[PDB]
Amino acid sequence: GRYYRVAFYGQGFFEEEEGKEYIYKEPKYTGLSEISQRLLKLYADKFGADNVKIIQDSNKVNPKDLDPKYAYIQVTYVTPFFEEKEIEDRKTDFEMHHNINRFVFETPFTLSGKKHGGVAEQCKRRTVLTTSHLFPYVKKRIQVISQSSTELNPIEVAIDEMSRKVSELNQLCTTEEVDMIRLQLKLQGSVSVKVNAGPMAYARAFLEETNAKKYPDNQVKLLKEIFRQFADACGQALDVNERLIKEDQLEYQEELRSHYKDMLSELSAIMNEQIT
């Protein structure tokens, strides 16, 4: 199923549910608008439609921010959380869908107080919620009874996002029957970024020697090694795409290669190494 955190705040409105937080288990493929609208209509029928509001902020609510004229419902998508010790003991998919009581979501923040920033400022919080009972369960929701959180600073965000991209690209290249459209989406989204900042934004912010030093040497060294792996993964993905394409995508492929070569040229200049 699809799991959501739902938390109720409404001193003049809620009774048993006041100040409580639950994980709701929804049918597979349930989207955020579907559960949010159902919850909104359900409690609007109890309290009045002008009197119920959704809290979209995923940070822990401070009730001092809330207007006592309204009942509030905080809704946030979560996914089942497993530590690396759990992810190995659980062979089948029936085992990562069975006996689960921990759920994770991520919140963006920066240390200035702004919620978002560029790659040198953007931090991320990972919050794990633990329910009082295990799913699967007789009820559709289970109360959250504890939370834990960790936070990633900007270079840790870069290390996390770049490491995950390397694994994702390598996975696509080793799949027995590569889905060309899925490969191209991720490949083009790595070597030919035009809308978002591009992976070289991390290299400029954290690896360039003309920036003032800010992070431990060992973390800079780790990010450098991940970028070496990213360069390699992009090249391998480009070679797989070369075999898959038909004539209609020759010009597209050659443009991806040109962008890839330009990216390696810039990375080489930043790292003072001849990269591929």
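Don't overthink the numbering: it's just position in the shown sequence, from 1.
Asker: Quick one: higher average CA temperature factor, 232 to 240 or 209 to 217?
Answerer: Higher of the two, by average CA B-factor, is 209 to 217.
Asker: If you take the mean CA temperature factor per stretch, which one wins between 173 to 181 and 136 to 144?
Answerer: In the deposited entry, the stretch with the higher C-alpha B-factor mean is 173 to 181.
Asker: Specify which of 62, 51, 249, 58 carries the largest Cα B factor in the deposited PDB entry.
Answerer: Largest recorded C-alpha B-factor: 51.
Asker: Highest Cα B-factor in the deposition, which of 125, 115, 186, 90?
Answerer: Top of the list by C-alpha B-factor: 90.
Asker: Where does the C-alpha B-factor of residue 162 rank in its chain, lowest, middle or highest third?
Answerer: Ranked within chain, residue 162 CA B lands in the middle tercile.
Asker: Looking at the temperature factor on the CA atom of residue 119, which third of the chain's modelled residues does it land in?
Answerer: For residue 119, the deposited C-alpha B-factor lands in the lowest third.
Asker: Please rank the C-alpha B-factors of the chain's modelled residues and tell me whether residue 245 sits in the lowest, middle or highest third.
Answerer: Lowest third.
Asker: Can you tell me whether residue 16 has a C-alpha B-factor in the lowest, middle or highest third compared with the other modelled residues of the same chain?
Answerer: Highest third.
Asker: Within this chain's modelled residues, let me know which third the CA B factor of residue 94 belongs to: lowest, middle or highest.
Answerer: Its C-alpha B-factor, which the entry lists for residue 94, ranks in the highest third among residues of this chain.
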